[PDB]
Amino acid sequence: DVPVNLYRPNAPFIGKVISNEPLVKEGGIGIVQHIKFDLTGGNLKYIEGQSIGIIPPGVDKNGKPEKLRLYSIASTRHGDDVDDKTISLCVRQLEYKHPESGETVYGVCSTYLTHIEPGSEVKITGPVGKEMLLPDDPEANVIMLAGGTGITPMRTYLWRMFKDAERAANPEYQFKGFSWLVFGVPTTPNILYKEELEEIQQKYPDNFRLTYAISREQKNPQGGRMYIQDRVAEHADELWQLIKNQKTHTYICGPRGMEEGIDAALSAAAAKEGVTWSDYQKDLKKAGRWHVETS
């Protein structure tokens, strides 16, 4: 049923880049690109919440061929043009500084991807993943907690739920539940897909709530910069109330370490009603309603 490993690294699908467009607006920090690939000529199918592998060219410092890196699929199963012909990724160029070994260091696969030109051939594997799947139930509530390119699987959910062309293509999934995205980025220019997220909220104000945590522009009640964990604490009681519904699913995606502050906030909320969140959470994970994908 769920497609998985239609292509493997020993014999990857050779897709072609259609487009590579910037998602960070001027005045933003770093580079994050929306890259769409042509899947025609192969049989790669996928669903929302999954990832694919990309194998970059070249060898590592020991002369060994580079291995795949996994990237969350940014598009629904139908692709951005709703034609079942493409797949998209949302890729941040990894950059960081050493203890002054050279200067700035640039990630191999992400630099390759963010600078890739239309027409180029790319080695793709997958899809992979069954832990970030969206429920078929159109009355489900969906909480989405995303930092940075943790937005990526959330885009697949929200596009499937709310894009006109998706609704026309998916007669079986006409979303009427409530979805709430809490999205943490450093600046307004860094709000990936800002325009479309805000278009969705304006069209569906009773079915989609959009909350930002913008660290360089906002401060929490303690005076520190605003992070997603702060917004979760701010809305902890409300989020807990929603989580108690048997049909509510929560999705967490982004940097490993974002989970700690989220659990602390929800633990304080749940404790007010005599519930130990860590235990309730274990039951949710077992039931397939607590979805985490961080690294």
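Note that residue numbering begins at 1 and tracks the sequence as displayed.
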Out of 14-22 and 267-275, which stretch has the higher average CA B-factor listed in the record?
267-275
The stretch carrying the higher mean Cα B factor in the deposited entry, 140-148 or 215-223, is 215-223
Kindly indicate the residue among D83, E195, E166, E103 with the greatest C-alpha B-factor in the PDB record.
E103
Checking the entry, which one of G49, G63, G53, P56 has the top C-alpha B factor?
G63
Consider only the C-alpha atoms of the modelled residues in this chain, order them by B-factor as the entry records it, and name the third containing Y96: lowest, middle or highest.
highest
Modelled-residue ranking by C-alpha temperature factor, third containing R155:
lowest
Please place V2 in the lowest, middle or highest third of its chain by C-alpha B factor as given in the entry.
highest
Is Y173 in the lowest, middle or highest third of its chain when residues are ranked by C-alpha B-factor?
highest
Quick tally, chain-level thirds of C-alpha B-factors: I243 sits in the lowest
